[PDB]
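Presented as C-alpha cells, the chain that follows is alone, the form deposited in one PDB entry.
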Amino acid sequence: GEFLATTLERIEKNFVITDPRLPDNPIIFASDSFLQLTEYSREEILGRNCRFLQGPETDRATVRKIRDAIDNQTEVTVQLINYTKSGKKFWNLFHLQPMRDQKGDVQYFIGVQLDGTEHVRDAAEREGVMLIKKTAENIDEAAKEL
C-alpha cells in the first residue's frame, strides 16, 4: 500500500539502490520485480540493509566478498543463497556496483539480483553476468540524476 513505485522502480529487473550516507547503507529504492522475488512489501524493506536476504545456508565467505567490495567502493559479482520473506531459498547471481557523481564520489550503491534454482557455471554463468552487468549499467543511467 505505502510507497507507490517510482518510474525507476517499475524497470522490469530485480534491483535495489542503497544510500551509504544513512546508517547501515539502507535500501532507498527497490524494484517491483525485486519485491515479487523476495515477497516483501516496499514499506517492509525501505530503510533496511539488504542482509535480511541471508539465512542459514548462505555462504558467509561470499558475504565477506560483498562486504569488502562495499568498503573499498568497488564492483563485485558473486553467487550466494538468499531467502524470501517466507523462507524459500534461491540462488542469487548478484552484482554490486557503486554509482558515482560528477566529482567521482560514490553517491549510491546499485545491486542487481538474478535469481535461479542452482549455482551456475560456464554458459549460464556468462549469460547471467552479461545480463546483470548490462542491467546495472542501465540503472546507473537511470539513477544519475536522482
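Residue numbers here begin at 1 and follow the sequence given.
What comes next is about the form solved in complex with a partner chain, which is not displayed.
Asker: Taking 4.5 angstroms as the cut-off for heavy atoms, does residue 95 touch the partner chain in the entry with it bound?
Answerer: Contact with the partner chain, no.
Asker: So in the entry with it bound, does residue 116 come within 4.5 Å of the partner chain, heavy atom to heavy atom?
Answerer: Although the partner chain is absent here, residue 116 would stay clear of it in the entry with it bound, with no heavy atoms inside 4.5 Å.
Asker: Taking any heavy atom pair closer than or equal to 4.5 Å as contact, tell me whether residue 22 reaches the partner chain in the entry with it bound.
Answerer: Contact with the partner chain, yes.
Asker: Taking the shortest heavy atom distance, is residue 27 within 4.5 Å of the partner chain in the entry with it bound?
Answerer: Yes, residue 27 lies within 4.5 Å of the partner chain in the entry with it bound.
Asker: Which residue among 69, 63, 120, 46 has a heavy atom within 4.5 angstroms of the partner chain in the entry with it bound?
Answerer: So the residue touching the partner chain in the entry with it bound, by this definition, is 46.
Asker: Going by heavy atoms within 4.5 Å, which of 73-81, 101-109, 86-94, 51-59 lines up against the partner chain in the entry with it bound?
Answerer: The contacting stretch here is 101-109.
Asker: Since the partner isn't included here, can you check whether the partner chain sits close to all of 12, 125 and 131 in the entry with it bound (heavy atom within 4.5 Å for each)?
Answerer: Answer is no for this spot.
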